[PDB]
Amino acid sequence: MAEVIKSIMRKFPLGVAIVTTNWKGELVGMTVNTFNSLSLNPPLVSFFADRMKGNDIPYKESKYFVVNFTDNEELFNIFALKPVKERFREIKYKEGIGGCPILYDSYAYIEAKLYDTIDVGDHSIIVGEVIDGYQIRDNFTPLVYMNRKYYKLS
């Protein structure tokens, strides 16, 4: 079989973010490399959630979600590798719209309201309608994921 299709994606640089929500009282988040702007009028953003792993379910059952933009590699690792029950013990967060956690170490975030979801193959596209966003820290180092690694920008 051609699994050259995975090898090409591993060399394709992608921006990363951490999406959180409050899921019936349970604080959850995850590192994503599928976040993007989908539409400007109306202002929709989206990301892709893995259905096999059940990453889609939390966001399908909540009304809001926050996109956290940060430059601390360690946080990306926490929200990809640590057990789900341990994630919010180790970091500083404040509560935001609908109880959703905003990471303290974010340089920016966007709060959004779930707008639609769409199952395509083994992922769902989760679309949210933007309702606010703030730039908090002005001086930061944006990161990209490529080949299991995070790179600063040249």
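All residue numbers refer to positions in the sequence shown, first residue = 1.
**Q** Given the B-factors recorded for C-alpha atoms, which segment has the greater mean, 66 to 74 or 113 to 121?
**A** Between 113 to 121 and 66 to 74, it is 113 to 121.
**Q** Going by the B-factors listed in the PDB entry, is the mean over the C-alpha atoms higher for 8 to 16 or for 134 to 142?
**A** Per the PDB record, 134 to 142.
**Q** In terms of CA temperature factor as recorded, identify the highest of 97, 38, 28, 32.
**A** Result of the comparison over 97, 38, 28, 32: 97.
**Q** In terms of the chain's CA B-factor thirds, is residue 45 lowest, middle or highest?
**A** CA B-factor rank for residue 45: lowest third.
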